[PDB]
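1. Coordinates for the following, if possible.
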Amino acid sequence: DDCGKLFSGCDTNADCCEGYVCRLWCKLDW
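-> Numbers count the residues shown, from 1 in each chain. Here you go:
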């Protein structure tokens, strides 16, 4: 539910919910 965060790297399971990218950071769709 909580999943990854903004800029929070690129975790496996916590692979930051759909919204941001998986670049250097889990930042917004840059």
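
2. doesn't residue 22 make contact with residue 16?
-> Yes. If you go by Cβ atoms under 8 Å, residue 16 and residue 22 touch, sitting 7.3 Å apart. In short, each C-beta sits where N, CA and C put it, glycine included.

3. neighbour count winner among the two?
-> The residue with more neighbours, out of residue 16 and residue 22, is residue 16; 20 against 13, by other Cβ atoms under 10 Å.

4. How about the more buried one: what's its closest non-neighbour residue?
-> Using Cβ to Cβ, 6 or more residues apart in numbering and skipping the chain neighbours, the partner closest in space to residue 16 is residue 4 (2.5 Å).

5. Now the one you found: phi and psi?
-> The phi/psi pair for residue 4 (degrees, to the nearest 10) reads phi -50, psi 170.

6. burial count for it?
-> Neighbours around residue 4, by other Cβ under 10 Å: 19.

7. Could you check how far it is from residue 11?
-> Distance, residue 4 to residue 11, using Cβ to Cβ, to the nearest Å: 5 Å.

8. same deal with residue 26?
-> Distance of residue 26 to residue 11, computed by Cβ to Cβ: 8 Å.

9. same thing with residue 3?
-> Here the criterion is Cβ to Cβ. By it, residue 3 lies 8 Å from residue 11.

10. can you check residue 30 too?
-> Counting by Cβ to Cβ, the gap between residue 30 and residue 11 amounts to 18 Å.

11. Neighbour count for those two, which is higher?
-> Remark: of residue 30 and residue 11, residue 11 carries more neighbours, 13 against 8, as counted by other Cβ under 10 Å.

12. Quickly find the element holding the more buried one.
-> Per DSSP states H and E, residue 11 falls between elements, in no helix or strand.

13. How about residue 2, nearest residue that isn't a chain neighbour?
-> With Cβ to Cβ, 6+ apart, the residue lying closest to residue 2 is residue 14, at 7.5 Å.

14. Also residue 15?
-> Setting aside the residues directly before and after it, residue 15 is nearest to residue 4 in space (Cβ to Cβ, 6+ apart), at 5.9 Å.
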